[PDB]
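What follows is a set of notes on a single structure, which appears directly below.
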Amino acid sequence: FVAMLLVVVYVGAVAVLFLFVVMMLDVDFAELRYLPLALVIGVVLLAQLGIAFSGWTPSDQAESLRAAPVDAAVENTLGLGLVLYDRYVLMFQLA
Amino acid sequence: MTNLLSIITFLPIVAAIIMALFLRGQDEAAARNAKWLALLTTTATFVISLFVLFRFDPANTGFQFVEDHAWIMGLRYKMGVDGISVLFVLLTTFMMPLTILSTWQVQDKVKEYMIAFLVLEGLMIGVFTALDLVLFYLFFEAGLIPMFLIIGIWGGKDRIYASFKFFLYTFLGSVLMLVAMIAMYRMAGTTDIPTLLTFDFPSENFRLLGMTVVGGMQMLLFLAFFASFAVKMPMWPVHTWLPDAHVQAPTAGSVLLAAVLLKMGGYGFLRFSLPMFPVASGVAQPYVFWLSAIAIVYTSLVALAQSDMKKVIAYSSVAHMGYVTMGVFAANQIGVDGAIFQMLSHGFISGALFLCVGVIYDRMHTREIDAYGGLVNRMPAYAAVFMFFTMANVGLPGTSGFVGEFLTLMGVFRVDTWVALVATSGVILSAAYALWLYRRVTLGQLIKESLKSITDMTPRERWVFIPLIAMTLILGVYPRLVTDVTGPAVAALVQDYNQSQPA
Amino acid sequence: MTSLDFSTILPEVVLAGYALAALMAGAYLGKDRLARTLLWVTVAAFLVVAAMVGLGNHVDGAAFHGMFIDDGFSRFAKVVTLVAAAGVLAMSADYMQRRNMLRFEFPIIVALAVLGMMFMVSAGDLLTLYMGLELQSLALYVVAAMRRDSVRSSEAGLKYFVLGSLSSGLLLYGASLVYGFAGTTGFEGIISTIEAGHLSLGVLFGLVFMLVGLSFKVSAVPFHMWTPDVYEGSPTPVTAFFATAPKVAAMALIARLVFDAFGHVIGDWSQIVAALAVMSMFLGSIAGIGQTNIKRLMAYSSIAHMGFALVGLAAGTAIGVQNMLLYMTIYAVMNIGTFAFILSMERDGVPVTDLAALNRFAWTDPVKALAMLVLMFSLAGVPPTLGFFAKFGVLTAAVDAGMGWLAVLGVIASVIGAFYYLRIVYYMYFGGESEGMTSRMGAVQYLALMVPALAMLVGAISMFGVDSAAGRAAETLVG
Amino acid sequence: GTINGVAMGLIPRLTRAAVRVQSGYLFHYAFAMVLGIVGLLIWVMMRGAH
Ligand SMILES: [Ca+2]
Ligand SMILES: [Ca+2]
């Protein structure tokens, strides 16, 4: 469901972005930094994340703490609808 | 008559609030009202504080006139006096009426001038009556605000720099003391000064960074308080704020700056550093001795080099406080009694000398020594007064200046002869700069057209000096009026210091 | 949702209901002809909701499977936020009308921002934290940019939006790591799993990401650079709002997160908070010396003061939280007073913001300068002002926790910061040649200066139970 | 000379550095935020998992 919802939402949203690109198109389209240092900080940050994910293991209590355990026999969209509007009703209204 | 200390503390502040509210008009009559209202207020505070002085019982070394009420953030509002702090209250209330009377010819923003001094008095009195650790810090630091503006608004040509140096230099030293007060609050679980006087702060050595801290926690607390009181006193070499602030302040500001605010540093040593950190004080005694001996010699020679009359007096104060510091840390009855006497005595003499500078500053609007000469020819009364306090400034026997100097020197002699020998040379050096200044300003021939028509001291100016001459002579001839009050309290203080020394 | 859940969130429903109804009333019954009326009904609504939150009998609890926490801590924070928001709106009403800035939607946008803040401080779940934070953040971007003819308003919104979105992304990335480790978004579940023997790099990375994301909202260094530009660019009423209510809500949220989700790893996050507090105190103090624009000076003042507030939180104790709460309360009062004066500054009928305009103001309007003097010494933390007692409380918490090194650094930075507050006093009372700045204040704006200024001294005598109320509130959070 | 050198020589010099770093460029401010997170992550890594 979130796979299909994501496409539906961002197909329209990305098209709107195209409208603003051409509305504010720069006058130098024909010929359209500290990149070296920036790439170094990006690589460092990516390496740190990779090291943290190397040893990833959830808490041994993670299974017992699940608020909305998934059911194999229930289709994904129905499962989300059973929790989205009742357990998460406060967040639903804030959205 | 049960809240006497609260009355004398907050009465001057309340009067300032009333004056700021219900006093209108900027004409001379409006200013004339402000001067009279301030004079009646300062006179009232002095009279009420005489009830404290005469009901005070010197034999009782506990705190008297004590009042205690609940306050904010878990602190208490507690005030009281003992034989060590009662006289600093009376000195403050004594100088304030005289200081107001000396401003009678100021025409610039008079109502605001009176308010600043009335607010300043209340805060100065609170420093000496407070018996709560945080309450002491409040009055200790709140006094910077009115004085910052007194220098800024009515000061000289360098007053912007002087006012900022005065505030920030003093503020820097006291924030370290604030953290020490918070630590003592947490260890002892109280901010009650009487309770902290009996608490035993740990003195076992530990290691902090790359050095051993001899004295342990007491030394760390001692150094925080020392930074606050050393700058306030001031001690050498943290004194270079004083020659700016005292010189650039208006004459009235210089009187209160030198006569009263300097005494907060020395009183701090007698209230906190020696009673609450005795082991640390014993350890620091050698260094305090030489800093004070250096201060006497160093600033005496610096005073001799000054071309500015007010700067000679400013540097003289730093030398006189050098005796106080030595006497306190000699930690014997003779030294500590001399230190207290020296503080009170210096209040009358230093204040008077700043008033002597103002008398001729008002007429000539300059402080250069070379701009005067032979003033005795036109100003006989001034030359007599200036001479008397010049002689008191050099510690002449018969004036109150001698007694404080003599006793602090003899108390130090008992401990360190090298220090006493160096400090004792101040008698030679004080005479040098004090007499040379007097001669160059007052004696000689009247050979300048500017000084040809100079007037003598007016009756109001003469009457400001007479109380100061009286106290200087009375205490010089009968110092027992002071030592009877401070005797028993210093005896108890000296005894506790001994009983706490490591064995 | 039970009827007990609905009762718990009733103050929030009342505020949300008002915002919706106000939107329709403004749209259908006059639009900007109701702008003034909607502003003053919003002020009443904020005060009414604060009365519901703060008055009567309250029993701590939770609603919606623990996602919403109604405890003494959240009630203390909500009241200060709502009253500070009410104060900013009331004192700015005349200014915005004169400047043709009062749209009927401005009160409503502020109300929805405050609604987001109310969910922030009562968060008991990562999703509640996010949705409350984002409702506030989106409303703040809008009002930052609401002066359409000002290129500086547009740039303030742009910088705030881009950097706010970046901080929100970091917050979400850490929140995703925390959920993956614990298997739940609820804080009661999270706290039980994050303990000494099970802290992988992954979960520690999550805490850092969440902390950095939130520390942006309190302008902690080096997540602060948005503040001076946004404070300068945005409308002065909007700058006054940014300086008081969001900072209180954001500071309380950080305390909620580190104690209700990371309360068993205090040692790990206390060091990070201390390092943020140190950098914020010194940079705010040092950078403030170089400011000539009063609005931009207040940003660095804001950064330095949040550093001091973080000192109380770095303590990691009930006393540290109690004193952080009092600090934020006093800080909000001081900023209301100061920004009341800043709004009034003007030369030739146009607003003015440069510090040189204050020269010799004390001889133009004695009472206003005297109020400004008390506020500057209160911000500098000098006795006898209530601002000093705020610093005293956080320093007390630090020393109490064995962090005297932090207290020593805190007081040293205070001395550097005291210079640029002293300089304002210098300008007003014995400054240089005056250029004719006048202070235009109506009755409400005038009281927004005097009453906070009086509170700085009256508060020195009695805090009227606020210090005791903060202690009870801190206990419900820390336990 | 020392007191003035610190109060009026050094601290103003640090003030000028702080003013300079506040360049006004949005991409610099984002860089600072990224340096902060990267530095804090280095700190957490040295302490280790524990
Ligand atoms: Ca003792
Ligand atoms: Ca908790």
Side-chain angles (χ1 to χ4, degrees), chain B residues 61-63 82 84 131 133 180-181 184 187-188 190-203 215-219 221-222 225 268-284 328-329 331 336 489-503, chain C residues 60-62 66-77 121-126 128-129 186-195 252-266 269-270 313 315-322 324-325 471-479:
Chain B
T61 57
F63 290 101
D82 64 347
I84 275 155
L131 293 185
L133 203 56
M181 290 154 158
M184 308 159 48
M187 311 210 246
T190 195
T191 61
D192 194 52
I193 285 161
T195 302
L196 295 153
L197 284 162
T198 65
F199 189 85
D200 285 332
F201 295 94
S203 48
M217 216 70 222
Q218 277 195 17
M219 172 68 49
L221 297 178
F222 175 92
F225 279 77
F269 285 129
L270 292 167
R271 183 55 82 217
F272 304 102
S273 296
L274 251 62
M276 280 171 207
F277 323 127
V279 176
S281 298
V283 172
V328 166
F329 275 87
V336 177
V490 169
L493 174 146
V494 172
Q495 209 222 9
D496 300 329
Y497 174 90
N498 292 329
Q499 294 174 6
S500 305
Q501 286 323 286
Chain C
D60 290 358
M67 297 191 92
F68 187 95
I69 298 161
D70 180 342
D71 65 357
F73 177 84
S74 83
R75 282 194 305 269
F76 192 96
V121 300
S122 51
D125 181 292
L126 290 170
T128 306
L129 177 157
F187 291 169
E188 301 230 337
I190 288 160
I191 202 177
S192 84
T193 67
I194 304 190
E195 280 169 26
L253 176 58
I254 297 157
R256 166 77 76 201
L257 183 69
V258 300
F259 279 105
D260 273 10
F262 303 111
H264 298 330
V265 289
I266 292 174
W269 62 254
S270 60
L313 189 68
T317 54
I319 177 188
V321 171
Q322 167 192 14
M324 177 216 85
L325 280 178
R472 293 188 288 277
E475 220 86 80
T476 62
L477 177 72
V478 173

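Letters A, B, ... are given to chains in the order of the sequence lines, protein chains preceding strands, and every chain is numbered from 1. Read the numbers this way: they start at 1 and go in the same order the structure lists the ligands and their atoms. All values below were derived from every heavy atom in this structure, side-chain atoms included, with hydrogens, water molecules and symmetry-related copies excluded.
- The backbone N or O of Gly72(C) sits less than 3.5 Å from a side-chain atom of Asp60(C), completing a donor-acceptor pair.
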One pair to check against side chain to side chain contact (heavy atoms under 4.5 Å, CB included): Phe277(B) and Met219(B). What are the steps and the verdict? CA-CA 7 Å; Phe277(B) 323 127; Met219(B) 172 68 49; over 6 Å; no
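- Note on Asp260(C): its N/O/S atom closest to the Ca ion (ligand 2) is OD1.
- Distance alone, capped at 3.5 Å, is enough to place a donor-acceptor pair between the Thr128(C) side chain and the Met67(C) backbone.
- The nearest N, O or S atom of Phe199(B) is not closer to the Ca ion (ligand 1) than 3.0 Å.
- Relative orientation of the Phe269(B) and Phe329(B) rings is perpendicular, given thresholds of 30° and 60° on the angle between their planes.
- Under 3.0 Å from the Ca ion (ligand 2) lies no N/O/S atom of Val478(C), from backbone or side chain alike.
- For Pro275(B), the nearest N, O or S atom to the Ca ion (ligand 1) falls under 3.0 Å.
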